[PDB]
Structures are given as C-alpha cells and as structure tokens.
Amino acid sequence: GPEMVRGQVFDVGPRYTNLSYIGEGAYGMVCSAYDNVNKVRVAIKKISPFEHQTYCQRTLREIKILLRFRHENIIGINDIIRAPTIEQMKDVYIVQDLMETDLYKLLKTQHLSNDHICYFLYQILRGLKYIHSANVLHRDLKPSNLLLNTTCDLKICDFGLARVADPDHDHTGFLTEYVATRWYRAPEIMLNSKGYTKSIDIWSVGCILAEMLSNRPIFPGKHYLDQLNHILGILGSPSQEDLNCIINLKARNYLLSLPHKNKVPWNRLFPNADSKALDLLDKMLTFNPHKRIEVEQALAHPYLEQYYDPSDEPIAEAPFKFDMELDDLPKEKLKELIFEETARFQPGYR
Ligand SMILES: Cc1ccc(-n2nnc3c(=O)n(CC(=O)NCc4ccc5c(c4)OCO5)cnc32)cc1C
Ligand SMILES: Nc1ncnc2c1c(I)cn2[C@@H]1O[C@H](CO)[C@@H](O)[C@H]1O
C-alpha cells in the first residue's frame with residue numbers, strides 16, 4: 001500500500017521511502033525520507049490547500065518564487081509530487097534539502113556566543129539581500145523560518161506570504177488585518193502599512209537579532225494593539241517628526257492617545273552584548289520605516305565586517321514579476337495554475 005506516518009498517508013513512494021516524522025505547521029506534516037534516486041535523506045512537506053482560497057495563494061506564490069530562486073541561504077525545491085490528473089490532486093508534496101533544526105528550536109536549548117550570533121545574522125542578511133534584489137519581500141521572517149544544521153549553515157524557508165515589493169500601494173488604514181506573526185511585525189503594520197516595502201523584513205531581522213542576544217522575544221505582544229505598546233515600550237513614544245510622517249489621522253490620534261513612554265537604552269536592555277551589534281540593532285529597529293537601515297547598509301555595518309564581501313553575495317538575475325496576481329483569482333483557477341506549475345516534475349514530460 002501507500003506509506004504513511006502518524007495515521008496519515010504520505011504518498012511519496014516508491015522514490016521516497018523510510019519516512020520519519022518531523023513536525024507540522026502550515027496545514028502540512030513535514031517528514032524526512034530517503035530519496036532512493038539521489039541516495040540521500042530529504043525533507044518532504046505535505047500540503048493540502050485546495051479547500052481554502054488563501055492556502056492556494058500561499059502555495060502558488062511559494063512554489064513560483066522558490067523555483068525561481070537559487071541561493072545558498074534560501075531553501076530550494078528539489079521535487080514536487082502530485083497526482084497525474086488534477087481532480088485526483090488533493091495533496092502536494094514539496095521535496096527540499098533536509099536541515100537539522102531551526103533557530104527557534106536552537107534558542108530553546110542554547111545561549112549563542114557572539115561569534116555565532118554575528119555569523120547567523122550575516123547569513124540571514126545575505127539571503128535577504130538576494131531576495132530583496134529580486135524586489136521580493138519575505139514578510140514572515142522569524143526564528144522558526146530559519147533552518148540550520150550543525151555546520152551552522154542557515155537557510156530561509158516558508159515563502160507563503162512573500163510578495164513582490166510595492167511601495168506605491170503600501171498605504172492602508174488604521175487596524176488593517178494581518179496574517180504574519182505578531183511578535184515580528186513592524187510598528188507601521190498596526191498603523192498604516194500593508195507590509196509591501198523592504199523595511200518590513202528589516203524590522204523582523206532586528207527582532208531576531210534581539211532574540212539571539214537574549215533568548216527572549218523582544219516584543220511579545222498578546223493582541224494586535226498590545227504589540228504596538230510593547231514596541232513603544234522599548235523605543236519610547238515616537239518623535240515629533242516621526243509622528244507627522246504618518247498620513248491618516250486615525251492612526252496619528254491613536255498614537256497621541258497613548259501615555260508617554262521612556263526609551264529604554266539598548267545597552268541597558270542588553271548589557272553584555274557587543275556594542276557594534278547594538279548599534280546595528282538600533283538602526284534595524286527604528287520606528288520610522290523610511291529611516292530604517294537597508295539590507296546592504298546592514299551588511300556593510302561594522303558589526304559584520306569580518307564577513308561582508310559583495311563578491312561572495314549573489315544577487316538576482318533581475319526583478320521578479322508575477323504575470324498576474326492571485327488575491328482575486330478563485331481557488332479553482334489557482335489549483336489549475338498550481339497544476340501547470342508542478343507539471344515539470346511529473347515523470348515523463350519534455
Ligand atoms: C552548548 C554549546 C555551545 C556552543 C556550541 N558550538 N557549536 N559550534 C560552535 C562554533 O563553531 N564556535 C566558533 C565560531 O564562532 N564558529 C563560527 C563559524 C563556523 C563555521 C564557519 C565560519 C564561522 O565561517 C565559515 O564556516 C563556537 N561554539 C560552537 C555547541 C554547544 C552544544
Ligand atoms: N527542510 C527542513 N529540514 C528540517 N526541518 C524542516 C524543514 C522544513 I521545509 C520544515 N522543517 C521543520 O518544520 C518546522 C518549520 O520550522 C520545524 O519543525 C522544522 O524543523
């Protein structure tokens with residue numbers, strides 16, 4: 001019959017066998033398996049998105065982007081398995097390089113040395129440099145989306161919320177819904193931004209750097225608005241100039257309605273941290289997204305000086321483009337596009 005794991009068919013045989021559970025998450029079990037062709041254990045994520053129209057959006061953009069990207073610090077797609085017809089296609093299996101852990105799990109069981117933190121940050125920013133050079137935003141960076149192995153190699157994964165950048169259409173209203181993980185959301189997400197600019201990913205990296213420095217999320221909000229209160233709990237109330245930058249008056253008055261908060265100095269929060277790391281952290285976690293440091297400026301910061309090397313930091317061929325976007329297309333048209341996009345892996349084909 002068809003192999004299966006924890007009362008669930010993982011119909012990846014005969015090529016992939018000897019399965020073993022890793023974990024779940026984005027409506028999909030993840031297993032390792034032995035690839036009987038390439039003779040190596042691989043990771044396989046099972047995805048069932050065709051009931052819900054958003055899950056289809058997230059699946060298609062992920063596949064499309066990850067098939068186009070080629071970068072040491074970004075997880076690739078090695079194979080995609082699905083039924084040969086389509087009405088049979090109820091599941092999609094995406095085969096990827098097997099990594100050993102992720103930063104989230106690592107931080108649960110280890111305090112990182114400064115040397116380790118510096119190197120992990122470099123790799124995160126090296127990967128991000130590539131993504132942003134394609135004008136793509138990851139939009140959900142966090143420790144559990146950073147895969148690792150014992151040799152300290154790092155790969156960014158989970159491009160389900162990724163989009164082509166779009167600063168022209170970034171403006172949105174106060175309190176707009178959002179899907180990305182609360183603790184890593186830039187302040188402007190709660191104020192006037194849909195997260196369509198590169199500064200949104202830099203904020204998230206700053207959050208991760210703070211977490212590596214202390215093994216504690218720096219901004220653990222419990223609810224939507226509470227998240228913004230935590231951020232101001234460290235940054236302090238916004239400056240006059242920064243208040244004005246905010247366009248719509250609703251968000252502007254909400255900020256005015258908050259009690260004044262004193263800025264907690266970085267080296268008071270992290271007394272044992274490298275002062276160069278704190279200087280870069282300060283520039284990544286800046287309230288005003290226009291003043292926030294850019295990925296190449298972060299790579300060129302004194303903290304990363306032993307690694308920064310543009311000749312060893314690939315960039316993209318040219319800006320990525322979605323021929324048409326996916327936020328209106330019905331989930332049946334999306335399934336079709338997922339079908340064609342995955343056909344290149346169907347045994348046979350020319
Ligand atoms: C409790 C506990 C604590 C710590 C550790 N580990 N594990 N590995 C290491 C390790 O490498 N360094 C030194 C270091 O800074 N290396 C950077 C580097 C590694 C590869 C590169 C590289 C740089 O440039 C290219 O390739 C220090 N401490 C470590 C393990 C456990 C279990
Ligand atoms: N390619 C991989 N190698 C190793 N583990 C992986 C992956 C992938 I894709 C996902 N996971 C595991 O699923 C969760 C994502 O953080 C975690 O449980 C994470 O360990």
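Residue numbers start at 1 and run along the sequence shown. Counting starts at 1 for both ligands and their atoms, following the listed order. All heavy atoms count here, side chains included; hydrogens, waters and symmetry mates do not.
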Novice: Checking a contact table here: which protein heavy atom is nearest atom 9 (I) of ligand 2, and how many Å away?
Specialist: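 Checked against all protein heavy atoms, atom 9 (I) of ligand 2 sits closest to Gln96 OE1, 2.9 Å.
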Novice: May I ask you to identify, for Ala43, whether its side chain, its backbone, both or neither come under 4.0 Å of ligand 2 on a heavy-atom basis?
Specialist: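 The answer is the side chain of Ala43.
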Novice: Report the residues that fulfil salt bridge (charged side-chain N to carboxylate O under 4.0 Å, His left out) with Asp170, sequence neighbours left out, ordered by chain and then residue number.
Specialist: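 Counting only residues at least two positions away or on another chain, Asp170 forms no salt bridge (charged side-chain N to carboxylate O under 4.0 Å, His left out).
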Novice: Starting from atom 18 (O) of ligand 2, what is the nearest protein heavy atom, named by residue and atom, and what distance separates them?
Specialist: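 The closest one turns out to be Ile22 CG2, 4.0 Å.
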Novice: Determine whether any heavy atom of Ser144 lies closer than 4.0 Å to an atom of ligand 2.
Specialist: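 It does; at least one heavy atom falls under 4.0 Å.
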Novice: With heavy-atom distances below 4.5 Å as the criterion, would you say the side chains of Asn272 and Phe270 are in contact?
Specialist: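 The answer is no; the side chains never approach within 4.5 Å.
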Novice: Please work out whether any backbone atom (N, CA, C, O) or any side-chain heavy atom from C-beta onward of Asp97 is under 4.0 Å from ligand 2, and answer side chain, backbone, both or neither.
Specialist: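 The backbone, only.
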Novice: Looking only at distances, please establish whether an N/O atom of ligand 2 is found under 3.5 Å from an N/O atom of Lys45.
Specialist: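 Not met; the criterion fails.
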Novice: Please work out whether any backbone atom (N, CA, C, O) or any side-chain heavy atom from C-beta onward of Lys105 is under 4.0 Å from ligand 2, and answer side chain, backbone, both or neither.
Specialist: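 The part of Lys105 near ligand 2 is the side chain, not the backbone.
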Novice: What's the shortest distance from atom 6 (C) of ligand 2 to any protein heavy atom, and which residue and atom give it?
Specialist: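 Atom 6 (C) of ligand 2 sits closest to the protein heavy atom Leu147 CD2, 3.9 Å.
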Novice: Quick one: does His116 get an N or O within less than 3.5 Å of an N or O on ligand 1?
Specialist: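 There is such a contact, yes.
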Novice: I want to check something: taking the side chain as every heavy atom from C-beta on, are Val42 and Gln96 in contact at a cut-off of under 4.5 Å?
Specialist: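 Result no, sub-4.5 Å side-chain heavy-atom pair not found.
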Novice: Can you name the one residue among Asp158, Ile94, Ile77 that meets side chain to side chain contact (heavy atoms under 4.5 Å, CB included) with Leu66?
Specialist: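 So, applying the side chain to side chain contact (heavy atoms under 4.5 Å, CB included) to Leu66 and each of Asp158, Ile94, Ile77, only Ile77 qualifies.
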Novice: Would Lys142 and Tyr184 count as a cation-pi pair here, with the cationic atom under 6.0 angstrom from the ring centre and within 45° of the axis?
Specialist: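 Negative - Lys142 is either too far from the ring of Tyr184 or too far off its axis.
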Novice: State plainly whether the residues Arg216 and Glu211 are in salt-bridge range, i.e. N to O under 4.0 Å.
Specialist: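 Salt bridge between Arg216 and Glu211, a charged N being under 4.0 Å from a carboxylate O: no.
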Novice: Would you mind running through ligand 2 and noting each atom that sits below 4.0 Å from a heavy atom of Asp102?
Specialist: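 Checking each atom against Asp102, I get 16 (O), 17 (C), 19 (C), 20 (O).
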Novice: At the 4.0 Å heavy-atom cut-off, does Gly23 count as touching ligand 2?
Specialist: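 Not so, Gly23 does not reach ligand 2.
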Novice: Looking at residues at least two apart in the chain, or sitting in another chain, which of them share a salt bridge (charged side-chain N to carboxylate O under 4.0 Å, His left out) with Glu341?
Specialist: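 For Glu341, the residues satisfying salt bridge (charged side-chain N to carboxylate O under 4.0 Å, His left out) (neighbours in sequence not counted) are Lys64, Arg344.
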Novice: Quick one, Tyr93 with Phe10, criterion ring pair (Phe, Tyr, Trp, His ring centres under 6.0 Å). Give me CA distance, side-chain angles, the key distance, then yes/no.
Specialist: CA-CA 8 Å; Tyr93 302 87; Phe10 242 71; 5.5 Å; yes
Novice: Is at least one protein non-hydrogen atom found at under 4.0 angstrom from atom 19 (C) of ligand 1?
Specialist: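 Given the 4.0 Å cut-off, atom 19 (C) of ligand 1 does not count as touching protein heavy atoms.
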Novice: Please verify whether a non-hydrogen atom of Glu24 lies at under 4.0 Å from ligand 2.
Specialist: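 For ligand 2, residue contact (heavy atoms, under 4.0 Å) with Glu24 is absent.
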Novice: Specify the protein heavy atom at minimum distance from atom 15 (O) of ligand 1: its residue, its atom name, and the distance to 0.1 Å.
Specialist: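 The answer is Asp115 CB, 3.0 Å.
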Novice: Do we get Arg82 above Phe339's six-membered ring, with its NZ or CZ under 6.0 Å from the centre and within 45° of the axis?
Specialist: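 That pair qualifies as a cation-pi contact.
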Novice: Is there a chain of hydrophobic side chains (I, L, V, M, F, W, Y, each step under 4.5 Å between heavy atoms) that links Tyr122 to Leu148?
Specialist: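 Hydrophobic grouping puts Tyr122 with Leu148.
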Novice: Can you confirm if the aromatic rings of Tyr130 and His71 lie within a centre distance of less than 6.0 Å?
Specialist: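 Between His71 and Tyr130, the centre distance is under 6.0 Å.
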Novice: Nearest protein heavy-atom contact for atom 3 (N) of ligand 2: which residue, which atom, what distance?
Specialist: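 Of every protein heavy atom, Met99 N, 2.9 Å lies nearest to atom 3 (N) of ligand 2.
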Novice: Identify the protein heavy atom lying closest to atom 25 (C) of ligand 1, giving its residue, its atom name and the separation to 0.1 Å.
Specialist: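 Going by distance alone, atom 25 (C) of ligand 1 is nearest to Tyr119 OH, 4.0 Å.
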Novice: Who's the nearest protein heavy-atom neighbour of atom 10 (C) of ligand 2, and how far?
Specialist: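 Answer for atom 10 (C) of ligand 2: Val30 CG1, 4.0 Å.
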Novice: Tell me, which protein residue and heavy-atom name are nearest atom 23 (C) of ligand 1, and how many Å apart are they?
Specialist: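 For this ligand atom, the closest protein heavy atom is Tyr307 OH, 3.9 Å.
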Novice: Ring of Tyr21, cation from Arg6 - is the NZ or CZ under 6.0 Å from the centre and inside 45° of the axis?
Specialist: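 Yes, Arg6 and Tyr21 form such a contact.
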Novice: To which protein heavy atom is atom 4 (C) of ligand 1 closest, and what is the distance rounded to 0.1 Å?
Specialist: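 Scanning the protein heavy atoms, the shortest distance from atom 4 (C) of ligand 1 goes to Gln110 NE2, 3.6 Å.
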